[PDB]
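Commentary on secondary and tertiary structure
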Amino acid sequence: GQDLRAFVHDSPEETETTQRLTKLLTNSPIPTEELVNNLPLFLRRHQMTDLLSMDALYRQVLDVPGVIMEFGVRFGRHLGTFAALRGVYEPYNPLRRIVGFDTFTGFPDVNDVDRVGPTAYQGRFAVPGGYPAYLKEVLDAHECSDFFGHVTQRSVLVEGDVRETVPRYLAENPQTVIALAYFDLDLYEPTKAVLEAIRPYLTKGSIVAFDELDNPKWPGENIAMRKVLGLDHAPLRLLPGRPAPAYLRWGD
Amino acid sequence: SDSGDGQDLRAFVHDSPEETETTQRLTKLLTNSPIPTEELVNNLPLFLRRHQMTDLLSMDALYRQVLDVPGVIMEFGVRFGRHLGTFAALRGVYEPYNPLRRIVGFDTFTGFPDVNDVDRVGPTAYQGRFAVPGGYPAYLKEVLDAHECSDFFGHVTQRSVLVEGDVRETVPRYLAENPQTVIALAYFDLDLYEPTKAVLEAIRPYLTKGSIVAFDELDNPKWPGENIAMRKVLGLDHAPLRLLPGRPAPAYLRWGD
Amino acid sequence: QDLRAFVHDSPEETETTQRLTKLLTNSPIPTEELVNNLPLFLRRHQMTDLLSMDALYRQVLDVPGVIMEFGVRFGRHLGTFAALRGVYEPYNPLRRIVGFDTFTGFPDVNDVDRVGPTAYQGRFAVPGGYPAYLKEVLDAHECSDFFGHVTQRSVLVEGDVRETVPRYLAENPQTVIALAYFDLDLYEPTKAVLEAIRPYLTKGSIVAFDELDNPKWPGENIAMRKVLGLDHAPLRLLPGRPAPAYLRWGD
Amino acid sequence: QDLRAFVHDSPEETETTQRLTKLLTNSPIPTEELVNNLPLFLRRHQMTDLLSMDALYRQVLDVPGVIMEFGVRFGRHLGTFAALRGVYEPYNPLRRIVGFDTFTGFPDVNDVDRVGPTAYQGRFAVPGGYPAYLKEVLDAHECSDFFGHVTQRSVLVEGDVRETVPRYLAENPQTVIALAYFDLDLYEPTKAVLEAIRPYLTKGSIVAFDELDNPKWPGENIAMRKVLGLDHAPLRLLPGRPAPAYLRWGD
Amino acid sequence: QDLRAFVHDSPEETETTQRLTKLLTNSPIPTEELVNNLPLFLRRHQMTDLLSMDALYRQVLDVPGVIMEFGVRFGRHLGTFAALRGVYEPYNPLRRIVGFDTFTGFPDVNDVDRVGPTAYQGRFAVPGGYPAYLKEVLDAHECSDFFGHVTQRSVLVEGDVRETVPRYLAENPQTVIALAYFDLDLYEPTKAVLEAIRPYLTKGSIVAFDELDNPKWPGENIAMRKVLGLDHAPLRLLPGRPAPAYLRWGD
Amino acid sequence: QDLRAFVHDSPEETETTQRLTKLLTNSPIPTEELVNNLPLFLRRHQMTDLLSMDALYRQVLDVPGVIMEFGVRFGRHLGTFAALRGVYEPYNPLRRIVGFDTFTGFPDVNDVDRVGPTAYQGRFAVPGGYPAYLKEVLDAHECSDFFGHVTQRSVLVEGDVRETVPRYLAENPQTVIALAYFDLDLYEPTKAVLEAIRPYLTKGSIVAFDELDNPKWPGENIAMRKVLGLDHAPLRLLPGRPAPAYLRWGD
Amino acid sequence: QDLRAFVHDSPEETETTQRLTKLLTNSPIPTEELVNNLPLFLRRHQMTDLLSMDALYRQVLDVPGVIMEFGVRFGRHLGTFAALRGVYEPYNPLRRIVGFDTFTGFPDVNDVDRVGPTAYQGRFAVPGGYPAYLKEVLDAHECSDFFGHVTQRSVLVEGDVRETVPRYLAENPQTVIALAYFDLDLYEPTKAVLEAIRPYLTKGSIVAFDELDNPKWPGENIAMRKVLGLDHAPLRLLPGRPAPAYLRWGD
Ligand SMILES: Nc1ncnc2c1ncn2[C@@H]1O[C@H](CSCC[C@H](N)C(=O)O)[C@@H](O)[C@H]1O
Ligand SMILES: Nc1ncnc2c1ncn2[C@@H]1O[C@H](CSCC[C@H](N)C(=O)O)[C@@H](O)[C@H]1O
Ligand SMILES: Nc1ncnc2c1ncn2[C@@H]1O[C@H](CSCC[C@H](N)C(=O)O)[C@@H](O)[C@H]1O
Ligand SMILES: Nc1ncnc2c1ncn2[C@@H]1O[C@H](CSCC[C@H](N)C(=O)O)[C@@H](O)[C@H]1O
Ligand SMILES: Nc1ncnc2c1ncn2[C@@H]1O[C@H](CSCC[C@H](N)C(=O)O)[C@@H](O)[C@H]1O
Ligand SMILES: Nc1ncnc2c1ncn2[C@@H]1O[C@H](CSCC[C@H](N)C(=O)O)[C@@H](O)[C@H]1O
Ligand SMILES: Nc1ncnc2c1ncn2[C@@H]1O[C@H](CSCC[C@H](N)C(=O)O)[C@@H](O)[C@H]1O
Ligand SMILES: N[C@@H](CCC(=O)O)C(=O)O
Ligand SMILES: N[C@@H](CCC(=O)O)C(=O)O
Ligand SMILES: N[C@@H](CCC(=O)O)C(=O)O
Ligand SMILES: N[C@@H](CCC(=O)O)C(=O)O
Ligand SMILES: N[C@@H](CCC(=O)O)C(=O)O
Ligand SMILES: N[C@@H](CCC(=O)O)C(=O)O
Ligand SMILES: N[C@@H](CCC(=O)O)C(=O)O
Ligand code: NA
Ligand code: NA
Ligand code: NA
Ligand code: NA
Ligand code: NA
Ligand code: NA
Ligand code: NA
């Protein structure tokens, strides 16, 4: 928009914390082999909040069959979270697949309704070339100590435009029930297409969550929700104190 | 020549002589206080009488009911801003980390712009009633900005927005300009039938199940417009209307219940 | 010592307070409408205090007896209770609000209270003749109470609590204390008052402290440890608020 | 037809009633203390009615709107509601109590109402000028209400409800109905008033009937079955009491 | 002494009471229908009393034993209990109601009772022969009880409770006390009766006080503090009502 | 066909039943004490029936209307209901118990009822003049009811329910049905009665079936599937008991 | 001495009882169907007893141990417990039912038991050879129990409980008592048995009294007050029922 200060942005202090913690992580006297035993030293409030919210969503579907999907993965923050939480809560559930969809090359197009702020452009949020192999190596590293680590395709990264890949994935996987659907695409067109595609695979109790439903910078999820279902189709909720995610329990 | 019996004005809610005395006494005690100037804002409950305290506690009760609902807080009918002040402070109490909880206040700031015959029950239903002074919205924006400058997210602007003009135009316009909008709490305090009806129709696509819709004068004989509006748009049994016990207003419903 | 290690206002909190002061005293709101729009000037920190007093009062609506504040200053909490009593208890003329203070600031301090630079005789003094003004304010709320014809529903007791609280209790053998709010900061009067009020509490009475765990004012904690022990009852916070700390007698 | 198959007083109920009437009119209690000792004369059957009106009113304390009674007679329930409103709602001047009656007894009956020997025009008539006396009684309660300066908080509407209820509603478009108490006995006015009040109920409003399943007075049942159906909402009793039967609108 | 600091009727309370007295004694309601319309004359303050007695009784419906009132005067509470016993306990002939009074007003007072100007020998006296009338009233209720054939289910015990309560208990070793209602006002007989009744309470018995925290009558408080302590059990109000204060024995 | 696939008494259940019959009819208990010791002769199977009837009755104590049994035989359940009504509802003279039967056994059967060897006309016939005796038993219970002076609180309707249930409803337009107990066994009369009673049920009324899922008597099931569907409401058991199966109307 | 102050049958209760006795003994029900229709003859007062025994038994379904009744007479409650054990505990062969009595009536009385005219030696005597018949009745129930092959699951112990209860316990050191039902009426044996059973109760065991607060039989109360105190545990009623009074051990 004109006044960029009306969009959510980091305070100078949030920026300082982030930069100091980056410096302390990369220049730490902690022995290299102990870094992964002390990561909360570097995990600041904003990111801790994200982790606790993913944990709250996952706990709500421990009694719901099916898979976890994220639309919009970037570097995989949420997928790493879900892989560890699946360890915590579901050692004996080899059917709880985690599926992450992304181009991995950033926004592949935008609609005029997404062009509110200056970051709505093709390629925004691109990750490095060959990143999906790295992210799959990370997920494989968590899986090798899972009780069901011998079962493969428990994590799947689907590369390309969700308008094509989500319907294709579903056609190839007619066993699918979706327990948790996490929408983090920002943009109107793919959100709408994916909401339409996933509907037959939800049960009553499935959770559908949105990372930017009510953000002025990214009105696409709301415009999509209003077109496909209506904002009062189901009860949208926050976890108190956190502006996102917004989430609904299908059928409520 | 013969005359009919007119309306008994005592049938409308009005201040008792004692309520008037309390109000006038506290006004004098505030304006002529021995408390040091800089401490007045640390002792305002000295001057906050039962009737106004009750309003504060009711706003707090409505806000607490939407702490787990996404979206914004809208007040239709702001006057000097009593409720917006209240919401700004409560948003600090409950939601330091929620920069999306916008507070949007709509008013002409020049009083009622017209009235309908159905609003013409008591003696204050006329154009301009409730006008606040020229330049008032700038002052109210200074007040809201003063609260915001100590908010955790005080660096994010447009978290309190005053929208000036007739809600029949400005509410549809605001919504068209803000397609991200979800409405968590919609506080109706316009009194009059026509703008109430128009705004109820406009806000519907932006409510979720669990959004609260509240009315300041729903069942008040002096201001039947909110009721007439609701009976036209939704029906009084569309959702369960509730009171906070012991308080004649607000009446509020939880959308979808 | 590092004064920064004591709780103090951020520059932004100071800015908000000063701007709201300026906007209240220079307002275009017509004079007779100011008391209809006070929340415009009631910032987060003070709103929180009001919500906490309301939470404490709501916990004793089913407990007999009176409300006492030890340490009144300008009367912020007494004004709050007077209005809340209107909201919740139109028909209870026995719910007396009793505020104790010298009204001339701390009358002495103990060495255990001298942690920060504001622990000195006379700190928090209010202007000469202030109690009459505070009583006029309380009388202004009472004149529209349902039981406004009953006097001594608010009582200001002037002097050192070491003498005045035992004297009040001896003069009022009907007393049950429903809510006892400790905001004296200092060790010695806190200890004396806790000892004095004990026989007038019931199970369910609330005892609250405004500075129990504050490094600047360790007197309430030193007093509680001497008289009862910190685990005599369950001390609690209202979540998100460092004070008050409060306990339900007998739990 | 056996009249013994209809509800009627046992010889013991009649003896209690007649004895209490004598003890009340010939009491040694000083005249100015009679109204401080009325439960002396309030027998189980009337006490039950009082407790039931209290239970219905408590269920709508969080529902906006007014209390209506269709079929007032001497005003037993109106006096009950006026006192309870004082107990529960000192600060609610919008809780109007509206009582509708011809005050001259049944104005007509339908053939379906003619089951027992008391279904005739004029049954339950009260004396000429009675409404002004009942209004004096309600005004006497109101002059000590917190909102006693607001008039028309108790309204007696005289005439046939088939005309007066629609007229009242037309003149009062602010109306929400929190509690609607049907005590007309007869089919036709019950049907007409049920139809009239529907747009003014909310989910959670209470609709109650005084004789819904009484063999002597099937008109409320016949009306309910025609307008709504008996399974439109859940009809309930207060356990142990044959009447009222009541439903929560929308359940 | 400021008599205005004691609870007293507002001019409007006095007006309501006097108007309702006039309207009851000059009523166009047919004489035989007065006892079917008593709520017309039952104002807020007295309705509140009735609802409180109902609340206390409801709490002992699962507790064995009898109901006792110490301090009956004209029998307001006994009338209420007799009707409620019919509503709740048709099949319980062991639920005796026992009322104790001199029926000649306070028989003595102690210095601690002499706070206000009504603490004198003979205050609250009722007329000569009043107990026989109150017994006739209670008998009138009982003649339509399911267990109306069992006598001595309502007992009036005349004399000073210091002698009569220990004597009643010695003559009735089957006694369990379910509800003990203290309304004597005075210190000495409250203390004596509290001491006497203790072996007959069970956990769950209710002990209630009519003036526990009233400045005019500190004797119940002084007595409680001597016999049990105010924190022996949790004293409670019914919210919004300054009395009774009651505790559940053993809590 | 294998008759052992139908429910039938074990040799031990037969021995219990025959022993207790002998012990009842040759008892050294004095004749006038037999009715004070009937549980001596009340075996597990029959005790279970009694407890289930009590569970169903307790579910409708807050629902208006009457109790109907379709299929009475000697009146086991009507006796049970008459006594329970005394236990729970002394003050409810509107809680009529209505029992329908030919009292001459099954009046016809349908091919779908002919699964076992007892589906024949006249099965379950009771002696000539039996309804007069059953009426004398019910009147014996009723003469110690609180409302024993009100007649027709127990009604025996003789004839084929296809004709008698619609006729009873037409003659009783006040009817609400709180509990409907189906024990006809046969398809056609169950279907006919389910259709007839529907306009007289409220949400919360209980509809119970004595043989819903028994292979010997599929007629209630066939009827339910025709009229409502088995998933119209939630059918339930009392855990541990194969019958009755019951639903709460509207759930 | 007014015998009317003791609980006694109304003329209507006597008429019910006498009618049902005649109807039982002159019944047109076939002899082999009498035990399938006993609720016909089971009036409200006895139905209540049955429901109360059921409520007590349900409270100990999660408590180990045996059921004991002190004071059996003809065995009303033992027959009830035998049937209930079948309903709830097919798979529990350790739930012994033990009934103690002289079976020749009261063997002596104490002066404290001599309040009414039935406190005499031999009151409640049952016929010579009665215990052998009661054992036949209990064995008839047991021969269709799932654990009917295990003997001694119901035991009749003949003699004075002062000797037989301590002897039984000494002989049965495995005993836990889940439910102890005191129905001896008399002071001395009640006290002796309360003393004896104490080491065999667990927290949650139920101790119940049939006449704890009955003026005619103060012995259970006197014994309680001597051995434990009436506030040792919380005594309760089943609401609406004067007896039994019961406590949960340890509460
Ligand atoms: N049509 C489309 N198909 C596939 N990915 C898309 C898309 N539109 C947007 N995206 C992806 O949406 C992502 C927002 S990805 C999200 C951030 C991430 N969940 C985190 O927690 O850090 C971008 O990586 C973008 O490439
Ligand atoms: N059509 C319309 N457009 C905008 N404002 C309107 C309107 N109709 C009524 N109003 C406004 O509704 C307000 C009613 S008074 C508002 C009171 C305020 N909420 C308080 O708490 O003190 C007036 O200021 C009036 O100007
Ligand atoms: N011994 C004593 N006797 C009486 N007052 C005392 C005291 N020691 C401390 N105080 C009082 O305790 C007060 C602390 S400041 C009280 C703040 C006030 N409750 C508010 O909410 O703003 C001072 O006014 C001080 O004079
Ligand atoms: N069509 C109609 N219009 C107005 N009143 C009617 C009516 N039909 C019946 N009524 C009134 O219904 C009343 C029934 S008696 C009401 C009893 C009263 N509620 C009490 O508690 O004592 C009569 O007074 C009768 O006049
Ligand atoms: N020592 C004593 N013995 C007996 N009665 C006493 C007493 N001391 C006080 N009383 C009685 O206590 C009573 C107080 S007034 C009782 C009010 C009554 N319960 C009501 O509800 O209206 C007086 O009647 C007085 O005579
Ligand atoms: N069409 C019909 N009309 C009337 N009664 C019928 C009927 N069809 C079956 N019945 C009756 O249904 C009864 C089934 S036996 C009922 C058993 C009884 N309720 C008990 O608890 O012991 C028979 O008496 C039979 O005559
Ligand atoms: N010391 C003692 N020893 C044994 N039995 C005693 C006793 N004192 C009293 N009893 C018995 O207590 C019994 C009281 S009557 C018991 C009634 C029985 N429970 C019923 O439900 O009908 C008498 O049979 C009497 O003999
Ligand atoms: N949805 C992402 C990115 C938002 C953005 O960059 O605007 C987040 O919450 O951090
Ligand atoms: N709704 C505003 C104004 C009412 C009016 O002026 O009538 C209030 O409650 O104070
Ligand atoms: N207790 C007071 C004063 C604290 C101080 O000055 O140290 C407060 O909370 O503001
Ligand atoms: N409905 C009124 C009157 C009934 C009648 O007279 O029949 C009552 O319950 O008393
Ligand atoms: N306790 C009695 C008497 C009070 C008095 O007279 O002082 C009451 O509440 O009315
Ligand atoms: N329904 C009856 C009869 C069963 C039958 O005869 O088959 C019962 O449960 O005993
Ligand atoms: N306790 C036995 C006998 C009572 C008696 O005979 O007094 C009963 O409840 O019937
Ligand atoms: Na976000
Ligand atoms: Na209002
Ligand atoms: Na503090
Ligand atoms: Na009725
Ligand atoms: Na009192
Ligand atoms: Na069956
Ligand atoms: Na008994």
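Residues numbered from 1 in each chain as written, not as in the entry; some residues may be left out. Chains lettered and ligands numbered in written order. Part of a larger assembly, values for the part shown. Heavy atoms only, no water.

What the deposited record gives as its method is X-ray crystallography, and the resolution it gives is 1.550 Å.

1. A look at the coordination of the sodium ion (ligand 18)
Every protein donor of the sodium ion (ligand 18) is accounted for by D210 of chain D (O), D210 of chain D (OD) and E211 of chain D (OE), and the metal-donor separations fall at 2.7 to 2.9 Å. For the residue pair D210 of chain D and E211 of chain D, the accessibility class agrees, reading buried in each case. (Donors = N, O, S within 2.8 Å, 3.2 Å for Na, K, Ca; no water. Buried < 20%, exposed > 50% of the residue type's maximum accessible area, 1.4 Å probe, protein only.)

2. Quick look at the pairing of strand β5 (residues 201–209) of chain G
All names here are of chain G. Most of β5 is tucked away: 7 of the 9 residues are buried. With 5 bridges joining them, strand β4 (residues 177–182) and β5 adopt parallel strand pairing. Across the sheet, the residue bridging to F182 is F209, located in β5. For the segment spanning β4, helix α6 (residues 187–197) and β5, crossover handedness is right-handed. Pairing analysis gives 4 bridges linking β5 to strand β7 (residues 245–248), with the strands arranged antiparallel. Bridging across to β7, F209 finds its partner in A245. (Helix = DSSP H or I, 4+ residues; strand = E, 2+ residues; numbered from the N terminus. Pairing = 2+ DSSP bridges. Right-handed = clockwise from strand over helix to strand, strands pointing away.)

3. Section: the interface of chain B and chain C
Each side of the interface is counted separately: chain B has 59 residues, and chain C has 59 residues. It is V41, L46 and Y139 of chain B that lose the most area in chain B upon contact with chain C, and together they represent 12% of the buried surface on that side. At the boundary of chain B with chain C, the tally comes to 3 salt bridges. One salt bridge in this structure joins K22 of chain C and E142 of chain B, with 3.7 Å as the shortest N-O distance. Across the chain B-chain C interface, the total number found is 17 residue pairs in polar contact. (Contact = heavy atoms within 4.5 Å. Buried area = accessible area lost by both parts, 1.4 Å probe. Salt bridge = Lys/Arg side-chain N within 4 Å of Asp/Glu carboxyl O. Polar contact = N/O pair within 3.5 Å; in protein donor to acceptor, adjacent residues only side chain to side chain.)

4. Digging into the UniProt feature "binding site: L-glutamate 1" (unreviewed entry) in chain A
All names here are of chain A. UniProt feature "binding site: L-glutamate 1" (unreviewed entry): in the numbering of this structure it lies at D184, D211, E212 and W218. A maximum C-alpha distance of 10.6 Å places the annotated residues, which cover 35 residues in sequence, within one compact spot. Along the chain, the position of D211 falls in the loop between β5 (202–210) and α7 (220–228). When neighbours within four sequence positions are excluded, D211 is seen to be in contact with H78, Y182, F183, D184, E221 and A244. Separated by 2.6 Å, the side chains of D211 and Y182 make a polar contact. Summarising the element assignment, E212 is placed in the loop between β5 and α7. For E212, a relative accessible area of 19% corresponds to the buried category. The contacts of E212, once residues within four sequence positions are left out, are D186, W218 and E221. In terms of polar contacts, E212 uses its side chain to reach the side chain of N215, at 2.6 Å. (UniProt positions renumbered as here; feature names shortened; annotations may be inferred.)

5. Description of the environment of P216 of chain A
Along the chain, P216 of chain A falls in the loop between β5 and α7. Distance from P216 of chain A to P128 of chain A, taken between C-alpha atoms, is 28 Å for residues 88 residues apart in sequence.

6. Side note on the UniProt feature "binding site: S-adenosyl-L-homocysteine 1" (unreviewed entry) in chain A
All names here are of chain A. Within this structure's numbering, the places UniProt gives as "binding site: S-adenosyl-L-homocysteine 1" (unreviewed entry) are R74, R77, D102, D161 and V162. Tracing the sequence through the fold places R77 in helix α3 (residues 77–89). A residue is classified by how much of its surface remains accessible, and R77, at 39% relative accessible area, is partly exposed. Excluding residues within four positions of it along the chain, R77 makes contact with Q47 and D50.

7. Brief notes about the site of ligand 1
All names here are of chain A. Close to ligand 1 lie 20 residues; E70, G72, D102, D161 and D184 are nearest. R77 is positioned with one of its side-chain polar atoms (N or O) 3.0 Å from an oxygen atom of ligand 1. Burial of ligand 1 by the protein amounts to 95% of the accessible area it has alone, namely 580 Å². Looking at side-chain class alone, the shell around ligand 1 contains 8 nonpolar, 5 polar and 7 charged residues. (Near = heavy atom within 4 Å. Areas by Shrake-Rupley, 256 points an atom, 1.4 Å probe, with all protein chains shown as cover. Nonpolar A, V, L, I, M, F, W, Y, C, P; charged D, E, K, R; others polar.)

8. What about helix α1 (residues 11–25) of chain E?
Over its 15 residues, α1 of chain E runs 21 Å from end to end, which matches the ideal 21 Å to within 8%, given 1.5 Å per residue. Within α1 of chain E, the full set of buried residues consists of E13, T16, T17, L20, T21, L23 and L24 of chain E. Where α1 of chain E is buried, its residues touch α4 (130–142) of chain D together with α2 (44–58) of chain E. (Expected span 1.5 Å × (residues − 1).)

9. Points about the sheet that holds strand β3 (residues 154–158) of chain D
Residues and elements named next belong to chain D. On the basis of which strands lie adjacent, the open sheet formed by 7 strands has the order β3-β2-β1-β4-β5-β7-β6 and mixed pairing. Pairing within the sheet leaves two strands with one partner each, and these edge strands are β3 and β6 (236–237). Here 2 bridges tie β6 to strand β7 (residues 245–248), and the two strands are oriented antiparallel to one another. Bridging from a neighbouring strand, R236 pairs with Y246 of β7.

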